[PDB]
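FYI the Cβ positions are ideal-geometry reconstructions off the backbone, even for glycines, and counts take in every protein chain you see. Each value in this text was obtained by applying a stated rule to the coordinates, not by laboratory testing.
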Amino acid sequence: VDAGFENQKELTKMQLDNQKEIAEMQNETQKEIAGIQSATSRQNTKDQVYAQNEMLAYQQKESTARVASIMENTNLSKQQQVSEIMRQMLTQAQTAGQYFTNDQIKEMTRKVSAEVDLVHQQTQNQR
Amino acid sequence: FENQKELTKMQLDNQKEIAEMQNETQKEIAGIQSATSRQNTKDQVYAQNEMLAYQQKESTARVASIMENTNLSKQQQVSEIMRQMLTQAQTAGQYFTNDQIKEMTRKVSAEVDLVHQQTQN
Amino acid sequence: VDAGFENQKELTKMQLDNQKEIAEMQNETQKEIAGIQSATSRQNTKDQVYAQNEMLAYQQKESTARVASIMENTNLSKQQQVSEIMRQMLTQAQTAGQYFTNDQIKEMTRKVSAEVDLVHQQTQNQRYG
Amino acid sequence: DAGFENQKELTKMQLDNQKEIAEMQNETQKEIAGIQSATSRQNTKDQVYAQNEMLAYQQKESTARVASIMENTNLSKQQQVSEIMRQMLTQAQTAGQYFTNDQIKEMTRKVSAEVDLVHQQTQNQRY
Amino acid sequence: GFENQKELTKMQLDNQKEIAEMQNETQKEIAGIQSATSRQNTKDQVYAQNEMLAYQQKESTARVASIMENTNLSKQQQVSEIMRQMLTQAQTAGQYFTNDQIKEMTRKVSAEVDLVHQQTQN
Amino acid sequence: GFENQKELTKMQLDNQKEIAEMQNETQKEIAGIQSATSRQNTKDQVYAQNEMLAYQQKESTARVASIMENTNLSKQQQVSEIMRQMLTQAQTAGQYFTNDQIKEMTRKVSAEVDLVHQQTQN
Amino acid sequence: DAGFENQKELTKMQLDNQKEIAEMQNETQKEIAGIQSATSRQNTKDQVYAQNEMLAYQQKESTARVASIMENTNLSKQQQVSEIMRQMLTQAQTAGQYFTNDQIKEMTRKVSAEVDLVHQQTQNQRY
Amino acid sequence: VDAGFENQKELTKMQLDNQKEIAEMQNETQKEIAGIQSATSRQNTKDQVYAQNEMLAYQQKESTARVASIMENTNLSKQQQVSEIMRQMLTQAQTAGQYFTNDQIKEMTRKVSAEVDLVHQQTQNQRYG
Amino acid sequence: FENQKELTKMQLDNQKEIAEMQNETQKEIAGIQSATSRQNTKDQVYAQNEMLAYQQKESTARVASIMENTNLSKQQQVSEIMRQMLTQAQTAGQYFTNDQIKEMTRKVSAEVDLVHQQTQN
Amino acid sequence: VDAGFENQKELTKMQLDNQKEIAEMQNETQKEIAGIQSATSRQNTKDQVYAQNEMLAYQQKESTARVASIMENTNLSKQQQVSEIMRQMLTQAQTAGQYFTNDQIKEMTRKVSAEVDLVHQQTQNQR
């Protein structure tokens, strides 16, 4: 029952328990630090995303409103196409009319010239 | 066995004291780093956060305006329909006008002959 | 009071205090480095956000101005809707008018035609006399 | 050698202490990693939340825009036809304007002649 | 003899510290290098935004004055829409009275057709 | 005796390795955790862009067809500008001839003034 | 104790070796840091080059835009005045349209009466 | 061949090879971890650039279409310049015409005035008879 | 003194061999990291690089168009000047027309009296 | 001249030179690695900035062109303001004219009514 070696087995035990307690303290410190880091990272993220989340409800209502308006633009476009077709038909009638008006202009020109000769001869005859 | 246990105990109490103050320093430094991170983040998001409310009431105003454009568009669709009908009537009228133009041309021609023969006299 | 133990307690203390003073100087170096780092990071961020913070007030009064203009656009749009409705009624009246006018055009054509016959007649009477 | 058993035993105390220390350091590293992972996942979800929430709105607005764009295309085609009709009306009208230029000149001669007649009348009535 | 334990030990202990001192000094100089670098990078990075700030501000002020004038114009356009609504109502009533006139004038043209015909028939 | 040096040494040597083995295994598990996390973050991040891709593509295709029709319309508008240039030249010559007519018609109105006056004077 | 001098000397060999090693490791850390610094500076300059080169262009374009914006403001004021003038023209025209409505009705009575006259003429000429 | 040296050469080799095999296993762990990291980073980036690469071809034909439209806008703008020049000439002719027309307006005013006198005269002659 | 120097020499040759293969591994791992960084960067800049040329010829087209807008604007300034002059002439004409409107009103009034007295007869 | 201690001073020297050579090898390795990192970082940066630099010359010419166009818009705006003033004056003249036209419309209405009475009495008198 060796007293000197039991003494060595008290010394050694003191050293190893010192080592272990230290290792635990360092581990506790590291976990504590990671907790601080994680909480800071989370708080930074929440702070960053605040703006975009609030804006979010507003952006959704604007988009829904825009959809209704865009669909009405699509309908206006369909009506405008119908209007274009009708107006094409009016333009075709007006084109034919301008040609007939052209023929008439020439006839009216001959008439004016003849009236010129008439007024000339009246003027001679009064003179 | 007491003096040697004591040489030991001083070695270990030192070791432990170094480790405590090392850990202490590590926690301090993370404290500084956290405080700096939080503060930078705040200063960064300051502007977007300050613009929030302006952007919101501007968006709401825009919603009201867009809805009024939707209403104007519906009225315009109706107007296109009214104008479609007016245009059909005007096209038929242009065709009748075409015939009138031709009769009027014959009339003008005939008036030319009668001016002519008026001019001898 | 045995010489060995006390003299190697001396020897041991020399080492324990050298390692403690080494560790203290190390910690001091760590905290200083961290201070320099933090100050750098802060000054960086301030320098980064200067412009956006500066533009803030301008952006706000411009936004408020735009709101007033948008609301007036809304009001104008309402007035235009009323104008569209009145103009629809005018157009409807004008369409009916164009139809009545179409019939008038045909009657006038008949008239011109009859006047042509009259002019030919006058011409022929002039020739005949 | 029942004696060296003792020297071995202190040594066994030393190795076991070493490994339970190492194992606790390992479990610590693992726990830290898991904290960091949960934090990173949470940050990401908080970050992508807004864009994910706008998705459906953006898609339905895009579908509305596609329909409108296609109707604009149809209108563009009708307008091309209208431009063509109108090129022809313009052609007819240019020809008419040239015939009208000749008519303007003849009508001017007529007005001139009427001036001569009115002058003669005035002269006859004055003396 | 022991005193020379106390010389060897000192030599070891002090070499330890002088080494640690050189190492700390190195750490600090490296940090200073990195800090200076980081600060200068930031200056280089923010130069352009800072130099554009004043232009952006005065442009924003100009835009504000313009936006306010557009607001005033919109109010004037609203009043104009109102005046024009009244003109359009009056024109609609005018078109209805005109519709009746068109019908009477047609009747007149028809009767004139009969007159011209009868004048040629005799 | 020495053989038991060769037992103590082995016990130390093998404890060394079993410790190193537990440590490597820990390293690998940590890396796997980080990798999985990183990959899943990326999936979460790219979800929306990926889900919008198809809408963006078909919208782009629609826009292309529309842009091409605008190009065709622009060509038609150019031709229209040309036709209208010719009409405008003709109208300018017409305005010059009309200018002369205006002067003659004024002379006529003046003479008619003298006629009406002389008719009232007697 | 000229003997322990020897034991000291091996020890001196050991400390000096330790420090020249440490010093070379230090100079190495410094050199690495300087490489990293020059690299970071170069990257930054290469990065900001484009924006710095666009600066002057953006500024002069902004000055041009300011001048244009201010002229738009002046035009807006003139247009406000034009809207006002035109409100008044429109007012005058609305009043005119009401007087014209009464005129339209009287002219209709006249046309009607002329129809009665033409009819009577036709009747007299027919029988 | 002395027992001490050889037996502690044995003892020493046990340690040197334990530390070499420890280091080898460590390196192996390092390289594996690095492989996993690299594969993760690559797969991440691919996953990140998928969309932009997908949109590439669409963006290119849209850009080419826009180029054709812009060039046609350029051509149209040239035609509009020519139209502006012709219309300037028409406007100049119309301005001269408005001035001649102004004088005609004044002469017509004089005429109406004279006609008023004539109508009063006719009225008075009707009363007088 | 040879056997002990040899126990030593084996210890140190081991030490050195571990260090060589440790360094070797470090260089290998940096090789992997570099290759991964270069490859990611390439894949990242692929799209912007592929769009480069399209963006350039589109920009050039835009330059030509903008320059034509500048020319059209100059012509429009001239047109505004022509229209300014036409407008002044039209305003003077409107004033002369105003006087004519008033004479024509007096004339119409006088014609009213003469219609009246024509109606007894 | 102690041979055994000179022997210790050959052993020790071998150990310390081993240590030093190793430290140098590790340093050389670390510098090599930093060289690899720096070159990769530089190549990544150049690759990244390629696009924006090329674009840069094109962006500068577009901006210069835009400046010329914006300045011409400013000039057009000044002319349009002059045009607005002239048109205000025309609108004022036209407003006065519409009022005079209003008075005339009333007079014309009285005249038409009187012509109605006249045509009525002619129709009675032919009957």
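Structural remarks
- Using the alpha carbons alone, the radius of gyration of chain G stands to its Kirkwood radius in an Rg to Rh ratio of 1.93.
- With the convex hull constructed from alpha-carbon coordinates only, chain C shows a mean projected area of 23.9 nm² over all directions.
- Paramagnetic reach from H:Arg42 in the range F:11-46 [backbone N under 16 Å; point 7 Å along Cα→Cβ]: F:39
- Kirkwood-based Rg to Rh ratio, chain A, C-alpha trace: 1.93
- Dipole magnitude for the protein assembly as shown: about 10020 debye, using +1 per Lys or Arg Cβ and -1 per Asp or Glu Cβ, origin at the Cα centre.
- Per-residue shielding of D:3-15, expressed as the average number of other chain Cβ atoms within 10 Å of the residue Cβ, stands at 5.
- In the protein assembly as shown, inverting the average of 1/r over every pair of distinct C-alpha atoms gives 42.4 Å as the Kirkwood radius.
- When the helices of chain J are scored as -39500 (n - 2.57) per DSSP H run of n ≥ 4 and the total is divided over every residue, the value at 222 nm lands at -38000 deg cm²/dmol.
- Computed [θ] at 222 nm, deg cm²/dmol, chain F (DSSP H ≥ 4; -39,500 (n - 2.57); rounded to nearest 500): -38000 deg cm²/dmol
- Tensor-based shape of chain E (alpha-carbon gyration tensor, a/c under 1.5 rounded, otherwise prolate or oblate): prolate
- Note on the range B:4-63: Rg/Rh from Cα positions, Kirkwood definition for Rh, rounded to two decimals, is 1.61.
- At q = 0.21 Å⁻¹, base-10 log of I(q)/I(0) for the range I:2-109 (Debye sum, equal scatterers on each alpha carbon): -1.10
- Under the convention that each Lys and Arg Cβ holds +1 and each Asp and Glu Cβ holds -1, the size of the dipole of chain G around its Cα centre is about 1360 debye.
- Candidate cross-link partners of F:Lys58 among the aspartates and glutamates, defined by an alpha-carbon separation under 12 Å and a same-chain spacing of 8 or more, comprise H:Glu62.
- Pairs exceeding 20 Å between alpha-carbon atoms, taken from A:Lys20/H:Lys20; A:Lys31/E:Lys28; I:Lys74/J:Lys78: A:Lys20/H:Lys20; A:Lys31/E:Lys28.
- Label-point separation in nm, I:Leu52 to I:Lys27, each point 7 Å along Cα→Cβ: 3.4 nm
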